[PDB]
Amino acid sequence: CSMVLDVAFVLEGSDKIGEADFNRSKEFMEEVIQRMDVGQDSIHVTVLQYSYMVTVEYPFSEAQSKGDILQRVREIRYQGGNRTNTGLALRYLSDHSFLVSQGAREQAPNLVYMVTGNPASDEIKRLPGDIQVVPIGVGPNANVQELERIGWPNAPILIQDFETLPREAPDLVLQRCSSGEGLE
């Protein structure tokens, strides 16, 4: 995937996820960033972690080089919160992450890959259409119809478990990046 694109990664870092499975999420994300043409004139990346609260791990407003982003990702620490506040994470995207004042490019399309394994704890409001969300629902505890509503027009990418995530998901994520649509 090589294009002008503001990409967000949103990883659930709750206790229900656990440190092992969160690290699998991190490793999935690293592999995606490695495959993406991340650079000042191409793909830009923001990274969020959420559970009880939402942490901006890397804003668009910081250096948009693959090396700088990947190293910050390695430094991300599992929070292990007691909630899955997916609604709050989505509000961050619309009201903070994708603002020009926060480093987003006005003429770049917006794409979000959100990794979650549990039902939302909180109220979820539908995002403005200009923020495209591709939900990645991992494991048996994902609330699928909830993800379908968050994702529209994007079908959720359903992954059997966090072990499979870093192996299977990157290909699908990059296909969606380049074409602008999910498969079949």
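When you see a residue number, it is the position in the sequence shown, counting from 1.
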Entry-level comparison of average CA B-factors, 49-57 and 63-71, reporting the higher stretch: 63-71
Higher-B stretch (mean Cα B-factor, as the entry records it), 39-47 or 133-141: 39-47
Chain third (lowest, middle, highest) by recorded CA B-factor, residue given as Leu183: highest
Chain-wide C-alpha B factor ranking for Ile33, given as lowest, middle or highest third: middle
Among modelled residues of the same chain, the CA temperature factor third for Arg77: highest
B-factor third for the C-alpha atom of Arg91 within its chain: lowest
Chain thirds of CA B-factor: placement of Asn85: lowest
